[PDB]
Amino acid sequence: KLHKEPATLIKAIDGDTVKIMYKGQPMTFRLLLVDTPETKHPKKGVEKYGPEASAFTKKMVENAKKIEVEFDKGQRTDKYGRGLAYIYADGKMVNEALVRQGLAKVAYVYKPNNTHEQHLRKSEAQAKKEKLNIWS
């Protein structure tokens, strides 16, 4: 059973990555199950909708009263040291919000870290049907 834990925003870095204070330790977190266009793309740079995905995550985490992180059932950090997780801004899942707004695609999934996969795929189909941003 996944549960949420409190955390404190330090800084937003990209649409898909935020620095957070977790159990008193600053850490970089990668949002589970989504791929946003990047501004810090290692290869191409600042892709289309990159700045947009980026300001959205920023605003969202920044204006929140309460940030919480929720780990999935698999590994909790990636090979770069980044925490892997679902992030909640006042009860709303940032990863889902991005996909519903057409500012992220559901990422290639790695079990057993796939607990909200279906949900998100559902939000992606809707942003697609509404042809938003990425899907326009």
# chains A, B, ... in the order shown; residues from 1 in each chain; ligands from 1

call {"tool": "residues_around", "arguments": {"residues": "residue 78 of chain A", "least_positions_apart": "2", "cutoff": "12 Å", "atoms": "only C-alpha atoms", "output": "list in words"}}
result
residues 28, 29, 30, 31, 32, 74, 75, 76, 80, 81, 82, 83, 84, 85, 110 and 113 of chain A

call {"tool": "residues_around", "arguments": {"residues": "segment 120-125 of chain A", "least_positions_apart": "4", "cutoff": "6 Å", "atoms": "only C-alpha atoms", "output": "JSON, numbers by chain"}}
result
{"A": [96, 99, 100]}

call {"tool": "select_by_dssp", "arguments": {"residues": "chain A", "states": "helix (DSSP H, G or I)", "output": "PyMOL selection string"}}
result
chain A and resi 50-62+94-100+117-129+133-135

call {"tool": "residues_around", "arguments": {"residues": "residue 35 of chain A", "least_positions_apart": "4", "cutoff": "9 Å", "atoms": "only C-alpha atoms", "output": "PyMOL selection string"}}
result
chain A and resi 15-16+31+99+103-108

call {"tool": "write_last_selection", "arguments": {"atoms": "N, CA and C atoms", "output": "PDB file, in the first residue's frame"}}
result
ATOM      1  N   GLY A  15      10.467  20.304 -16.118  1.00  0.00           N
ATOM      2  CA  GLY A  15       9.081  19.878 -15.988  1.00  0.00           C
ATOM      3  C   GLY A  15       9.020  18.592 -15.181  1.00  0.00           C
ATOM      4  N   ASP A  16      10.060  17.784 -15.317  1.00  0.00           N
ATOM      5  CA  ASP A  16      10.061  16.419 -14.810  1.00  0.00           C
ATOM      6  C   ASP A  16      10.899  16.273 -13.548  1.00  0.00           C
ATOM      7  N   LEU A  31      10.018  12.817 -11.649  1.00  0.00           N
ATOM      8  CA  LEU A  31       8.619  12.400 -11.590  1.00  0.00           C
ATOM      9  C   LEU A  31       8.401  11.059 -12.297  1.00  0.00           C
ATOM     10  N   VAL A  99       0.173  15.439 -17.593  1.00  0.00           N
ATOM     11  CA  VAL A  99      -0.330  14.555 -18.635  1.00  0.00           C
ATOM     12  C   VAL A  99      -1.727  14.996 -19.043  1.00  0.00           C
ATOM     13  N   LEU A 103       1.142  18.391 -21.413  1.00  0.00           N
ATOM     14  CA  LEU A 103       2.522  18.843 -21.274  1.00  0.00           C
ATOM     15  C   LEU A 103       3.479  17.717 -20.896  1.00  0.00           C
ATOM     16  N   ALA A 104       2.999  16.488 -20.971  1.00  0.00           N
ATOM     17  CA  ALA A 104       3.810  15.304 -20.747  1.00  0.00           C
ATOM     18  C   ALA A 104       3.132  14.118 -21.429  1.00  0.00           C
ATOM     19  N   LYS A 105       3.895  13.094 -21.759  1.00  0.00           N
ATOM     20  CA  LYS A 105       3.465  11.810 -22.288  1.00  0.00           C
ATOM     21  C   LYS A 105       3.728  10.726 -21.248  1.00  0.00           C
ATOM     22  N   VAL A 106       2.920   9.675 -21.175  1.00  0.00           N
ATOM     23  CA  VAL A 106       3.282   8.597 -20.241  1.00  0.00           C
ATOM     24  C   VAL A 106       4.563   7.922 -20.724  1.00  0.00           C
ATOM     25  N   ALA A 107       5.547   7.822 -19.847  1.00  0.00           N
ATOM     26  CA  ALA A 107       6.860   7.257 -20.102  1.00  0.00           C
ATOM     27  C   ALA A 107       6.842   5.740 -20.255  1.00  0.00           C
ATOM     28  N   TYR A 108       7.823   5.193 -20.982  1.00  0.00           N
ATOM     29  CA  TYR A 108       7.959   3.738 -21.082  1.00  0.00           C
ATOM     30  C   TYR A 108       8.061   3.167 -19.678  1.00  0.00           C
TER      31      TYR A 108
END

call {"tool": "closest_residue", "arguments": {"among": "A:102, A:112, A:55, A:66", "to": "residue 126 of chain A", "atoms": "only C-alpha atoms"}}
result
A:102

call {"tool": "closest_residue", "arguments": {"among": "A:77, A:33, A:43, A:97", "to": "residue 111 of chain A", "atoms": "only C-alpha atoms"}}
result
A:33

call {"tool": "decode", "arguments": {"residues": "segment 55-88 of chain A", "atoms": "N, CA and C atoms", "output": "PDB file, in the first residue's frame"}}
result
ATOM      1  N   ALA A  55       7.280  25.754 -16.649  1.00  0.00           N
ATOM      2  CA  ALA A  55       6.673  26.775 -15.783  1.00  0.00           C
ATOM      3  C   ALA A  55       5.493  26.181 -15.021  1.00  0.00           C
ATOM      4  N   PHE A  56       4.818  25.223 -15.655  1.00  0.00           N
ATOM      5  CA  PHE A  56       3.664  24.587 -15.008  1.00  0.00           C
ATOM      6  C   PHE A  56       4.079  23.881 -13.729  1.00  0.00           C
ATOM      7  N   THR A  57       5.082  23.009 -13.807  1.00  0.00           N
ATOM      8  CA  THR A  57       5.517  22.262 -12.621  1.00  0.00           C
ATOM      9  C   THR A  57       5.953  23.212 -11.514  1.00  0.00           C
ATOM     10  N   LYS A  58       6.726  24.213 -11.923  1.00  0.00           N
ATOM     11  CA  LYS A  58       7.205  25.266 -11.044  1.00  0.00           C
ATOM     12  C   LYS A  58       6.051  25.940 -10.308  1.00  0.00           C
ATOM     13  N   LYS A  59       5.097  26.449 -11.082  1.00  0.00           N
ATOM     14  CA  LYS A  59       3.990  27.191 -10.469  1.00  0.00           C
ATOM     15  C   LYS A  59       3.265  26.293  -9.476  1.00  0.00           C
ATOM     16  N   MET A  60       2.989  25.092  -9.981  1.00  0.00           N
ATOM     17  CA  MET A  60       2.260  24.113  -9.187  1.00  0.00           C
ATOM     18  C   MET A  60       2.953  23.848  -7.861  1.00  0.00           C
ATOM     19  N   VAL A  61       4.212  23.416  -7.907  1.00  0.00           N
ATOM     20  CA  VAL A  61       4.883  23.091  -6.641  1.00  0.00           C
ATOM     21  C   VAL A  61       5.073  24.358  -5.818  1.00  0.00           C
ATOM     22  N   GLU A  62       5.323  25.459  -6.522  1.00  0.00           N
ATOM     23  CA  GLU A  62       5.640  26.704  -5.832  1.00  0.00           C
ATOM     24  C   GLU A  62       4.441  27.263  -5.084  1.00  0.00           C
ATOM     25  N   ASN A  63       3.245  27.202  -5.659  1.00  0.00           N
ATOM     26  CA  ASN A  63       2.082  27.801  -4.999  1.00  0.00           C
ATOM     27  C   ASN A  63       1.405  26.895  -3.991  1.00  0.00           C
ATOM     28  N   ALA A  64       2.022  25.747  -3.709  1.00  0.00           N
ATOM     29  CA  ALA A  64       1.298  24.788  -2.879  1.00  0.00           C
ATOM     30  C   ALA A  64       1.504  25.074  -1.398  1.00  0.00           C
ATOM     31  N   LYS A  65       0.489  24.708  -0.620  1.00  0.00           N
ATOM     32  CA  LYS A  65       0.588  24.762   0.827  1.00  0.00           C
ATOM     33  C   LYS A  65       1.424  23.579   1.323  1.00  0.00           C
ATOM     34  N   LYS A  66       1.109  22.439   0.736  1.00  0.00           N
ATOM     35  CA  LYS A  66       1.557  21.117   1.096  1.00  0.00           C
ATOM     36  C   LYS A  66       2.100  20.309  -0.078  1.00  0.00           C
ATOM     37  N   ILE A  67       3.359  19.910   0.016  1.00  0.00           N
ATOM     38  CA  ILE A  67       3.954  18.944  -0.912  1.00  0.00           C
ATOM     39  C   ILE A  67       4.079  17.601  -0.197  1.00  0.00           C
ATOM     40  N   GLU A  68       3.769  16.518  -0.892  1.00  0.00           N
ATOM     41  CA  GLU A  68       3.987  15.176  -0.382  1.00  0.00           C
ATOM     42  C   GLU A  68       4.583  14.309  -1.487  1.00  0.00           C
ATOM     43  N   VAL A  69       5.362  13.314  -1.071  1.00  0.00           N
ATOM     44  CA  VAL A  69       5.898  12.412  -2.083  1.00  0.00           C
ATOM     45  C   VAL A  69       5.337  11.029  -1.784  1.00  0.00           C
ATOM     46  N   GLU A  70       5.133  10.286  -2.857  1.00  0.00           N
ATOM     47  CA  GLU A  70       4.646   8.915  -2.727  1.00  0.00           C
ATOM     48  C   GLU A  70       5.510   7.986  -3.574  1.00  0.00           C
ATOM     49  N   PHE A  71       6.231   7.067  -2.938  1.00  0.00           N
ATOM     50  CA  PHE A  71       7.076   6.112  -3.650  1.00  0.00           C
ATOM     51  C   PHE A  71       6.234   4.974  -4.208  1.00  0.00           C
ATOM     52  N   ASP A  72       6.712   4.347  -5.282  1.00  0.00           N
ATOM     53  CA  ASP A  72       5.960   3.205  -5.810  1.00  0.00           C
ATOM     54  C   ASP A  72       6.522   1.949  -5.151  1.00  0.00           C
ATOM     55  N   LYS A  73       6.202   0.770  -5.673  1.00  0.00           N
ATOM     56  CA  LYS A  73       6.590  -0.451  -4.975  1.00  0.00           C
ATOM     57  C   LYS A  73       7.970  -0.955  -5.391  1.00  0.00           C
ATOM     58  N   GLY A  74       8.595  -0.360  -6.402  1.00  0.00           N
ATOM     59  CA  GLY A  74       9.878  -0.838  -6.897  1.00  0.00           C
ATOM     60  C   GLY A  74      11.026  -0.041  -6.305  1.00  0.00           C
ATOM     61  N   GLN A  75      12.109   0.106  -7.053  1.00  0.00           N
ATOM     62  CA  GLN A  75      13.262   0.888  -6.625  1.00  0.00           C
ATOM     63  C   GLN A  75      12.903   2.348  -6.388  1.00  0.00           C
ATOM     64  N   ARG A  76      13.531   2.990  -5.401  1.00  0.00           N
ATOM     65  CA  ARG A  76      13.071   4.357  -5.121  1.00  0.00           C
ATOM     66  C   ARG A  76      14.055   5.398  -5.617  1.00  0.00           C
ATOM     67  N   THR A  77      15.220   4.999  -6.130  1.00  0.00           N
ATOM     68  CA  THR A  77      16.093   6.016  -6.737  1.00  0.00           C
ATOM     69  C   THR A  77      16.544   5.526  -8.105  1.00  0.00           C
ATOM     70  N   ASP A  78      16.846   6.409  -9.052  1.00  0.00           N
ATOM     71  CA  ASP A  78      17.350   5.923 -10.345  1.00  0.00           C
ATOM     72  C   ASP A  78      18.873   5.864 -10.351  1.00  0.00           C
ATOM     73  N   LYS A  79      19.484   5.548 -11.501  1.00  0.00           N
ATOM     74  CA  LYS A  79      20.945   5.447 -11.492  1.00  0.00           C
ATOM     75  C   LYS A  79      21.637   6.795 -11.335  1.00  0.00           C
ATOM     76  N   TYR A  80      20.889   7.897 -11.332  1.00  0.00           N
ATOM     77  CA  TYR A  80      21.563   9.193 -11.196  1.00  0.00           C
ATOM     78  C   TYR A  80      21.462   9.666  -9.761  1.00  0.00           C
ATOM     79  N   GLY A  81      20.866   8.819  -8.910  1.00  0.00           N
ATOM     80  CA  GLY A  81      20.731   9.251  -7.516  1.00  0.00           C
ATOM     81  C   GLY A  81      19.397   9.922  -7.261  1.00  0.00           C
ATOM     82  N   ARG A  82      18.621  10.147  -8.319  1.00  0.00           N
ATOM     83  CA  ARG A  82      17.333  10.817  -8.197  1.00  0.00           C
ATOM     84  C   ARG A  82      16.251   9.963  -7.566  1.00  0.00           C
ATOM     85  N   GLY A  83      15.522  10.545  -6.615  1.00  0.00           N
ATOM     86  CA  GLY A  83      14.358   9.818  -6.095  1.00  0.00           C
ATOM     87  C   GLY A  83      13.317   9.602  -7.183  1.00  0.00           C
ATOM     88  N   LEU A  84      12.647   8.458  -7.167  1.00  0.00           N
ATOM     89  CA  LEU A  84      11.596   8.142  -8.127  1.00  0.00           C
ATOM     90  C   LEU A  84      10.232   8.212  -7.466  1.00  0.00           C
ATOM     91  N   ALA A  85       9.329   9.078  -7.932  1.00  0.00           N
ATOM     92  CA  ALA A  85       8.094   9.154  -7.144  1.00  0.00           C
ATOM     93  C   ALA A  85       6.971   9.960  -7.767  1.00  0.00           C
ATOM     94  N   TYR A  86       5.815   9.862  -7.107  1.00  0.00           N
ATOM     95  CA  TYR A  86       4.657  10.657  -7.508  1.00  0.00           C
ATOM     96  C   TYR A  86       4.664  11.863  -6.571  1.00  0.00           C
ATOM     97  N   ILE A  87       4.529  13.056  -7.134  1.00  0.00           N
ATOM     98  CA  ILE A  87       4.579  14.235  -6.263  1.00  0.00           C
ATOM     99  C   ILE A  87       3.179  14.831  -6.170  1.00  0.00           C
ATOM    100  N   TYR A  88       2.716  15.188  -4.984  1.00  0.00           N
ATOM    101  CA  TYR A  88       1.428  15.808  -4.717  1.00  0.00           C
ATOM    102  C   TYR A  88       1.596  17.250  -4.227  1.00  0.00           C
TER     103      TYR A  88
END
